[PDB]
Amino acid sequence: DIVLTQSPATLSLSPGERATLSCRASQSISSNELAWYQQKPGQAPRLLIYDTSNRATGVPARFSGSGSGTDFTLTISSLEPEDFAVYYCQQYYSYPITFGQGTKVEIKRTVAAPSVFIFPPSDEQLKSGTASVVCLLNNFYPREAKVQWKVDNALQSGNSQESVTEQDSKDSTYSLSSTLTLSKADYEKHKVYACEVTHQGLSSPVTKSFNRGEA
Amino acid sequence: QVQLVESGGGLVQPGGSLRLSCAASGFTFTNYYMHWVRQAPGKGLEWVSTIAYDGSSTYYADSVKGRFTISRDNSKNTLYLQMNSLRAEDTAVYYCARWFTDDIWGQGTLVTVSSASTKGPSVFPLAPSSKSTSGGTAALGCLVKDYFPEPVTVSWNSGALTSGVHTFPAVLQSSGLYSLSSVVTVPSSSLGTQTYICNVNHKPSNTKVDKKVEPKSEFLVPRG
């Protein structure tokens, strides 16, 4: 079976730069039966190049493919923010049809600080026994960010989860939620709830907080 | 239109079966090989099966051989995949595809192999307030908690509001149920006069919730 090793596994470049993607086959793909695919989140893969070097309908000319026998290359000569995606090569010279494991392309942009917001649990949720506290970091870059929960100034541990959006297709920013989950009983034992955020675009860590049962 | 439309996935007990369908229009179906490919949550593409023009010839990835059968009804422009003895490693979105000088791909259909029960989400407001406000704009949202399996879809104001929406990826909670929030940023100055409603749809349980998200009443703010 033909195994396709794609490298690098991830690539982070600015708009305007040229991306070079490598797809190595474990044996010589004799006729030129290699294709490149682009896949964006929630979408089907999109054919870019087929038969190694033929560009497909409506593919921008910044995408082009080359190679043969054993090494193949996808070049994206002048990257746009919209080109954030996973790119795959596939082989159709032998069964099983196989794909590389992909290159995840991240698009760089200038530092953007998150806007930081905190949401106390709703009364509605509280009737039922549990409290969720949501800290939102909106529209920031780079991806790296630290969020810490404090309850009456005591650092929490193990009772939150984070979720991050895929890079925005236009502005290249991320957004992130951190959700602190506590029983209603625990929630009612403490007054100050605080989300502390550390991020390159902030001058020093930003704390957003509320007192239980204010308004 | 030139199109492939899939249907037929869902939650299935381990050991159970599903038949997926993929209806074609807009091109001469009978002239092309057709294929199924799958993609586990968070992972790459793997080919599952290929079928000749006239169904005379079929090929299968070794992991599905003996369990899955591809077939086609040319006179009805339809591709099928019969999946039997489903295992957890078969959980994936399944696409059908025509592979040519131009590709045509279906929209995908999720097949979740699990004996865990369907459960609809509870939907809670993330009310905006002065603590969710910065120079002219306010963030607000809906927390969609405790559902199984994926997916929930969330829109705002019945699809009319799209700008500034982030619906986060679901997290699996240690309870084995998913949770997600969807948030939106809007002009702060008209929280009093514009209505925000998140419309949550959990098809696996035919749950549909519309939650109105209203601004918090505050007194602990500058007077005025």
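What is reported rests on the model, the rules as stated and the sources as named; no laboratory read-out is quoted. FYI the Cβ positions are ideal-geometry reconstructions off the backbone, even for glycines, and counts take in every protein chain you see.
Check off (1) more than 20 Å from A:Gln167 (Cα to Cα); (2) more than 17 Å from the chain's Cα centre (by Cα); (3) surrounded by 19 or more Cβ atoms within 10 Å (Cβ to Cβ); (4) not aliphatic (A, V, I, L, M) for B:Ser174 and give me the number that stays unchecked.
Going through the list (1) more than 20 Å from A:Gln167 (Cα to Cα); (2) more than 17 Å from the chain's Cα centre (by Cα); (3) surrounded by 19 or more Cβ atoms within 10 Å (Cβ to Cβ); (4) not aliphatic (A, V, I, L, M), B:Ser174 breaks only (3).
Identify all residues within region A:135-146 that are surrounded by fewer than 21 Cβ atoms within 10 Å (Cβ to Cβ), part of a strand (DSSP E or B) and either of a type in the set (A, V, I, L, M) or more than 12 Å from chain B (Cβ to nearest Cβ) (or both); write none if there are none.
Answer for region A:135-146, where residues must be surrounded by fewer than 21 Cβ atoms within 10 Å (Cβ to Cβ), part of a strand (DSSP E or B) and either of a type in the set (A, V, I, L, M) or more than 12 Å from chain B (Cβ to nearest Cβ) (or both): just A:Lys146.
Go through (1) within 10 Å of chain A (Cβ to nearest Cβ); (2) in contact with a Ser or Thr (Cβ under 6 Å, 6 or more places away or on another chain); (3) in contact (Cβ under 8 Å) with a residue 12 or more places away in the chain; (4) not charged (D, E, K, R) for B:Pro149 and report which single condition fails.
Only one criterion is unmet by B:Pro149, namely (1).
B:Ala88: over 15 Å from A:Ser177 (Cβ atoms), of a type outside the set (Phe, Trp, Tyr) and crowded, with 17+ Cβ neighbours inside 10 Å, yes or no? Step through it out loud before you land on a result.
Numbers: over 15 Å from A:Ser177 (Cβ atoms): yes; of a type outside the set (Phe, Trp, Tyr): yes; crowded, with 17+ Cβ neighbours inside 10 Å: no.
Taking the combined requirement at face value, the residue does not satisfy it.
So which of A:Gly129, A:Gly158 ends up being outside the structural domain of A:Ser22 (by CATH), touching a helix residue (DSSP H, G or I) at 6+ places or on another chain (Cβ under 6 Å) and not basic (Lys, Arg)? Steps first, please.
Working: A:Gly158 fails: touching a helix residue (DSSP H, G or I) at 6+ places or on another chain (Cβ under 6 Å).
So the residue among A:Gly129, A:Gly158 that is outside the structural domain of A:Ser22 (by CATH), touching a helix residue (DSSP H, G or I) at 6+ places or on another chain (Cβ under 6 Å) and not basic (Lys, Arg) is A:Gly129.
Scan region B:155-206 for residues that are at positive phi and either at the interface with chain A (Cβ under 10 Å from one of its Cβ atoms) or in a loop (DSSP other than H, G, I, E, B) (or both) and jot them down.
B:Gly164, B:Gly176, B:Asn206
Going by what's in this entry, would A:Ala9 be described as farther than 16 Å from A:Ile76 by Cβ and among the aliphatic types (A, V, I, L, M)?
It is true that A:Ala9 is farther than 16 Å from A:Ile76 by Cβ and among the aliphatic types (A, V, I, L, M).
Just to be sure before I move on: is A:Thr10 surrounded by fewer than 21 Cβ atoms within 10 Å (Cβ to Cβ) and either of a type in the set (A, V, I, L, M) or away from chain B (no Cβ under 14 Å) (or both) in the structure I sent?
Working: surrounded by fewer than 21 Cβ atoms within 10 Å (Cβ to Cβ): yes; either of a type in the set (A, V, I, L, M) or away from chain B (no Cβ under 14 Å) (or both): no.
No, not satisfied.
List the number of the failed condition for B:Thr50; all other conditions in (1) out of contact with any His (no Cβ under 6 Å at 6 or more places or on another chain); (2) outside any loop (DSSP other than H, G, I, E, B); (3) among the polar types (S, T, N, Q) hold.
That leaves (1) as the condition not met.
Any residue at all in region A:174-185 that is crowded, with 18+ Cβ neighbours inside 10 Å, under 30 Å from A:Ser22 (Cα atoms) and within 14 Å of another protein chain (Cβ to nearest Cβ)?
Quick first cut of region A:174-185, residues crowded, with 18+ Cβ neighbours inside 10 Å only: A:174-182.
Retained after the next criterion (residues that are under 30 Å from A:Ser22 (Cα atoms)): A:174.
Applying the additional criterion that residues be within 14 Å of another protein chain (Cβ to nearest Cβ) yields A:174.
Yes, the conditions are met somewhere in region A:174-185.
Looking at region B:7-22 only, could you name the residues that are within 21 Å of B:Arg87 (Cβ to Cβ) and either assigned to a strand (DSSP E or B) or out of contact with any helix residue (DSSP H, G or I) (no Cβ under 9 Å at 6 or more places or on another chain) (or both)?
Filtering region B:7-22 down to residues within 21 Å of B:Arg87 (Cβ to Cβ) leaves B:8-20.
Result: B:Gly8, B:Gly9, B:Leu11, B:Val12, B:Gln13, B:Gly15, B:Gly16, B:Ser17, B:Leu18, B:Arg19, B:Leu20.
Return the residues of region B:128-145 that are crowded, with 21+ Cβ neighbours inside 10 Å and either assigned to a loop (DSSP other than H, G, I, E, B) or assigned by CATH to the domain that holds B:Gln13 (or both); say none if nothing qualifies.
B:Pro128, B:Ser129
How about region B:23-38: which of its residues are part of a strand (DSSP E or B) and either out of contact with any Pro (no Cβ under 9 Å at 6 or more places or on another chain) or closer than 20 Å to B:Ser56 by Cβ (or both)? Break it down stepwise before answering.
Filtering region B:23-38 down to residues part of a strand (DSSP E or B) leaves B:23-25, B:34-38.
Across region B:23-38, the qualifying residues are B:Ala23, B:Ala24, B:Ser25, B:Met34, B:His35, B:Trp36, B:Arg38.
Could you please give the count of residues in region A:186-215 that are of a type outside the set (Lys, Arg), in a loop (DSSP other than H, G, I, E, B) and surrounded by fewer than 18 Cβ atoms within 10 Å (Cβ to Cβ)?
Within region A:186-215, the subset of a type outside the set (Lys, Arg) is A:186-188, A:190, A:192-207, A:209-211, A:213-215.
Subsequent filtering for residues that are in a loop (DSSP other than H, G, I, E, B) retains A:190, A:199-205, A:213-215.
Within this subset, residues satisfying the condition of being surrounded by fewer than 18 Cβ atoms within 10 Å (Cβ to Cβ) are A:190, A:200-205, A:213-215.
Adding up the residues that qualify gives 10.
In region A:167-193, which residues are touching a residue at least 60 places away in the same chain (Cβ under 8 Å) and either small (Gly, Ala, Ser) or within 15 Å of B:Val171 (Cβ to Cβ) (or both)?
The answer is A:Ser169, A:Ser172, A:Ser175, A:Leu176.
Please indicate, with yes or no, whether at least one residue in region B:71-79 is assigned by CATH to the domain that holds B:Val209, surrounded by fewer than 20 Cβ atoms within 10 Å (Cβ to Cβ) and in contact (Cβ under 8 Å) with a residue 12 or more places away in the chain. Walk me through how you get there before you give the answer.
Kept after step one, since they are assigned by CATH to the domain that holds B:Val209, are these residues of region B:71-79: none.
No - not one qualifying residue is present in region B:71-79.
Would you check if A:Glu106 is of a type in the set (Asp, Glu), more than 30 Å from A:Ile29 (Cβ to Cβ) and surrounded by fewer than 21 Cβ atoms within 10 Å (Cβ to Cβ)? Lay out the reasoning, then the answer.
Working: of a type in the set (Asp, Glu): yes; more than 30 Å from A:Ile29 (Cβ to Cβ): no; surrounded by fewer than 21 Cβ atoms within 10 Å (Cβ to Cβ): yes.
The answer is no for A:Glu106.
Residue under question is B:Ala61, and the condition is that it be within 30 Å of A:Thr10 (Cα to Cα) and among the small types (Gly, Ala, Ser); does it hold?
Numbers: within 30 Å of A:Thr10 (Cα to Cα): yes; among the small types (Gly, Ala, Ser): yes.
Criteria met by B:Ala61.
Here's the yes/no breakdown for (1) farther than 30 Å from A:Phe140 by Cβ; (2) in a strand (DSSP E or B):
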site	(1), (2)
A:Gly58	yes, no
A:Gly67	yes, yes
A:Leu74	no, yes
A:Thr110	no, no
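So how many residues does region A:83-128 have that are more than 30 Å from B:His35 (Cα to Cα), within 7 Å of chain B (Cβ to nearest Cβ), touching a residue at least 12 places away in the same chain (Cβ under 8 Å) and not aromatic (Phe, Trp, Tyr)?
2
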